[PDB]
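Before any questions on how it binds or moves, here is one chain, the form deposited in one PDB entry, in structure tokens.
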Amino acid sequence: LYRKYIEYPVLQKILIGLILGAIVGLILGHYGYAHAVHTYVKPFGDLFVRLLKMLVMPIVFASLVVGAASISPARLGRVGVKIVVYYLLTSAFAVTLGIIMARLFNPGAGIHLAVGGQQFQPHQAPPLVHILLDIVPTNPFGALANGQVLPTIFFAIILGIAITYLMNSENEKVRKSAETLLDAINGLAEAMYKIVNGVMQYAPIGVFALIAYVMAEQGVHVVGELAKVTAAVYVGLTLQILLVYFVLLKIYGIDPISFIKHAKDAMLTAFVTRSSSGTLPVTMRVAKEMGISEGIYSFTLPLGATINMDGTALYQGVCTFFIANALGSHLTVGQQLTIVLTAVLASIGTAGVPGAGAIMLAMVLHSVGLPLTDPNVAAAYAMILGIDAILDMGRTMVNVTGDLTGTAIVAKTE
């Protein structure tokens, strides 16, 4: 009965769906019915993911415009600098943890692989100059038309600042025009939040299908060295959330366990969707219910979804460690690690692409000098691809958790 289903708490529904989907997907993958899953159960998950993508651009644009108009530029710049510093600190912690856990688990140590089979088109990290320029869109409508949250963020910020400057003008009609535009945008944002509530009510079905498909496809592949890689990555995410995020929340006076009861929706939606940008409407909704101001979270969360290096730090460290050992070259000489990190940071250019995990890894390996055309690199990269989605699940989870933690910290500071 529909009324009973809706009346049942969403959090309980989400957990039940996630667990049941995990179990069913694992069973079907073990018994070899993965194709049946990918054919009949997978589409339901994509519907939820597609709904979240649909809400991504409108909600981000409207909420950021409203928040920028609501707060002065001086506060917005301070918030941006603070959240950038927070992301740098958390990224340092995340790379430390990634190195530590990769060394602890020693994945792919001396396990030879067969050359041949699947071979991939190499990938190269976008040039830094191009990425910086793309922050300014040549066409704001085009940026809204096709993804590109980052230039949308810039246009939203400048439009909000212009609107708030206009509202302080001396021409009555100009004030009326600015107020009407801001009210229309605010109405759009609130409508997006209501649609987020509806999509969240639908989510239990979507989360179930997503996790079921992911499990059936790849959880059977989590065995041997790959199992070590997955364990290292997930232990890294847990240590991040427990040492960096929780300690930061406590040091800034935000209770973590109470913060989890709020971030649960964002964390699990990020987990299943495997895309921080895609799950943004839920994360922004969570920040709103947290009481965080519009001008702060509406800027930090969309920004973090593209520059949060916490998840990609652990993923890249652990995987690149696995690739090295798999090739047999235990040595990744010194500054080559710094090259990896710098190329990773430039990998924000692939934000929102479905293959976030593998693509970034391909770019990082190419930057190191291990292009995927190398047959030995091809086998290890294919191995990682065998569990890409499972790793990306947790990567997105930690990324969104860190985005919410930084947003909460900045909101408390301001």
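Note that the rigid core is defined as the largest set of C-alphas that superpose within 1.5 Å between two forms. One rule holds for the numbers: they count along the sequence shown, beginning at 1.
Below, we refer to the form deposited in another entry, which is not included among the displayed structures.
J.: With the rigid core superposed, which of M267, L226, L181, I254 has its C-alpha shift by 2 Å or more between this form and the one not shown?
T.: Only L181 moves by 2 Å or more at its C-alpha.
J.: Superposing on the rigid core, I want to see if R78 changes position between this form and the one not shown - specifically a Cα shift of 2 Å or more.
T.: Comparing forms between this form and the one not shown, the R78 CA shifts below 2 Å.
J.: Hey, does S329 budge by 2 Å or more at the Cα between this form and the one not shown once the core is superposed?
T.: No, the C-alpha position differs by under 2 Å between this form and the one not shown.
J.: Once the core is superposed between this form and the one not shown, does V49 show a C-alpha displacement of at least 2 Å?
T.: Yes, shifts by 2 Å or more.
J.: If the C-alpha spacing of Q336 and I241 moves by 3 Å or more in the other form, is that a move closer or farther apart?
T.: Relative to the displayed form, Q336 and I241 draw closer in the other form - a change of at least 3 Å between their C-alphas.
J.: Have a look at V79 and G349: in the other form, are their Cα atoms closer together or farther apart than in this form, given the change is 3 Å or more?
T.: So the answer is closer.
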